[PDB]
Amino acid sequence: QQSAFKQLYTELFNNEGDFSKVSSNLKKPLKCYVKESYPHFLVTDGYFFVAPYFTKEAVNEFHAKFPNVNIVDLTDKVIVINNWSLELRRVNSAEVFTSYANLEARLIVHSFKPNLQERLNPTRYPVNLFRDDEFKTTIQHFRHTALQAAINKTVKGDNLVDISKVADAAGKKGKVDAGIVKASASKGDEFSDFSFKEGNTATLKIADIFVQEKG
């Protein structure tokens, strides 16, 4: 490892979504460049881009210590996040591009200040962290681990297909769904037997901060 975000998000997943177990020397202020502000607010760390999730307090505070400096116009300008936390959430990855395998690591922003001071930095083209090979693989490991535990807890009694069923199958026909086994004690068709406690924390929809600034 170099990408602050990649390291931060990776450590989160490698510690069952527990932000208290992630290295303390990584919970320092985050100086990042704003790649986009609308319709999607995306910031980079010089290697990847992620979507910051602002609390209602975060914007109100910002809108005070920085009057008239609109947030939805921060494009191509740096911001410094002084107070922030990381949560894990279940989402529809087919709808949220800043996620993978229906899982998302969110950067909860409590307080941030703008630095319009001709802030620079020559960087590689920023890419979606949730599209990175290694990170995707990390999230897969995470799921594989949860899936394995659930299966080794749910599946028992060695219910092996009786040998006769497949060793004398000349006059025998069967349905392939006979080979389908439930991996856990789920409710629907999606695997959800995880053990990290899905953090909640209310956040603002990017459009709301646009109306609060230009109805």
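Counting begins at 1, following the sequence as shown. Take the two forms, find the largest set of C-alpha atoms that superpose within 1.5 Å, and that set is the rigid core.
Comparing 111-119 with 71-79 by root mean square Cα distance to the shown form in 8 other deposited structures of this protein, with the rigid core used for the fit, gives 111-119 as the more displaced stretch. In this crystal structure, the stretch out of 141-149 and 82-90 whose C-alpha atoms carry the higher mean B factor is 82-90. Relative to its counterpart among 53-61 and 158-166, 53-61 has the higher mean temperature factor, C-alpha atoms as listed in the PDB entry. Sorting 183, 176, 42, 26 by the CA temperature factor given in the entry leaves 26 at the top. If you compare the C-alpha temperature factors of 106, 119, 136, 124 in the entry, 119 comes out highest. For residue 47, the recorded CA B-factor ranks within the lowest third of the chain. Only modelled residues enter the ranking. In the deposited entry, the Cα temperature factor of residue 132 sits in the bottom third of values across the chain's modelled residues. In this PDB entry, residue 75 carries a Cα temperature factor that places it within the middle third of its chain's modelled residues. Per the deposited record, the Cα B-factor of residue 10 falls in the lowest third when ranked against the other modelled residues of its chain.
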